[PDB]
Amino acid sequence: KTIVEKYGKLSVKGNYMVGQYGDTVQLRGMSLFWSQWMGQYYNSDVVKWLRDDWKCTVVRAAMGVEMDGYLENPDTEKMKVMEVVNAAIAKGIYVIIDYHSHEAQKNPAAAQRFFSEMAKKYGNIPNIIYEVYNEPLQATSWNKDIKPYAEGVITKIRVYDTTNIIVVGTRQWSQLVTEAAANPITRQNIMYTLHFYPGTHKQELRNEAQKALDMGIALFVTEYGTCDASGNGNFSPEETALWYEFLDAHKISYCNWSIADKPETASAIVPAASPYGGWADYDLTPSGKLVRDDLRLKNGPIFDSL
């Protein structure tokens, strides 16, 4: 039995993600980096290694949209996403299809087309989680920009995929979850994005998250780092652990940024680390070691249960 066979189809009940057999589910895994810049890792060898060695129960495909991404090169970037999705299906783990944009509402037809295609192809499959708008900017209003954009994309997904989870980004780089909680999308199996970087974001952002939970919505940490929000500097292992404590207490799923070999703190692997996986201890950065150790410790028993 695989992880996806264990938990099955996912849905949302109140503050929680639940599975079809009555489990309350918490996923943990890794995000790939921008598909147009780290596309060499968008392959089945990486996905298998993330399951077998890192004990990921979810992987996130971060499809770049602007800056020579999907809008300019739709076939190439969609292909990379589908390779990762296909591998997650073959290996029995969950997969997030992330529309990795800061301005999705500016090209809603492109986003609707992409998600319609993904939902038509994969709609009957329990592994799939959709993430329709990575990180709205500080200027991007929930009520006026994000919510109407997301509702249009959700309707398109739901033509073909009636119940898989859809995660919706929030204002200020997916920080301001209380604004979504005050005016939620009143549709089935919707969650809301929280992103944190513990060199920058500490108890004040945990308090924001708690206030959103108080208001009745479910959060998914589709991206977090171990360092400050720029992705470089202020490696913060103790603060990361305070976040893990909070997320585990609330059964909030989490994926780390990122599988990339860029020479910055947030990268999990060293420059030139193999595109096929197989990374030994000397191929991991301090951030990668911290995150991999947490995955092995917490997800190991889930794999062992089968």
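Heads up: residue numbers just count along the shown sequence, starting at 1.
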Quick one: higher average CA temperature factor, 66-74 or 45-53?
-> 66-74
Going by the average Cα B-factor in the PDB entry, point out whether 190-198 or 139-147 comes out higher.
-> 139-147
Candidate set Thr163, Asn134, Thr178, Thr226 [ranked by C-alpha B-factor, highest] = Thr163
Which is it among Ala209, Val167, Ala109, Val85: the one with the largest CA B-factor in the entry?
-> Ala109
Relative C-alpha B-factor of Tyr99, binned into the chain's lowest, middle or highest third | lowest
Within-chain third of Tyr130 by Cα B-factor, per the entry | lowest
Taking the values exactly as deposited, rank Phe220 by C-alpha B-factor within its chain and report the matching third: lowest, middle or highest.
-> lowest
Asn256: CA B-factor among chain residues, third -> lowest
Is the Cα B-factor recorded for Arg158 in the lowest, middle or highest third of its chain?
-> highest
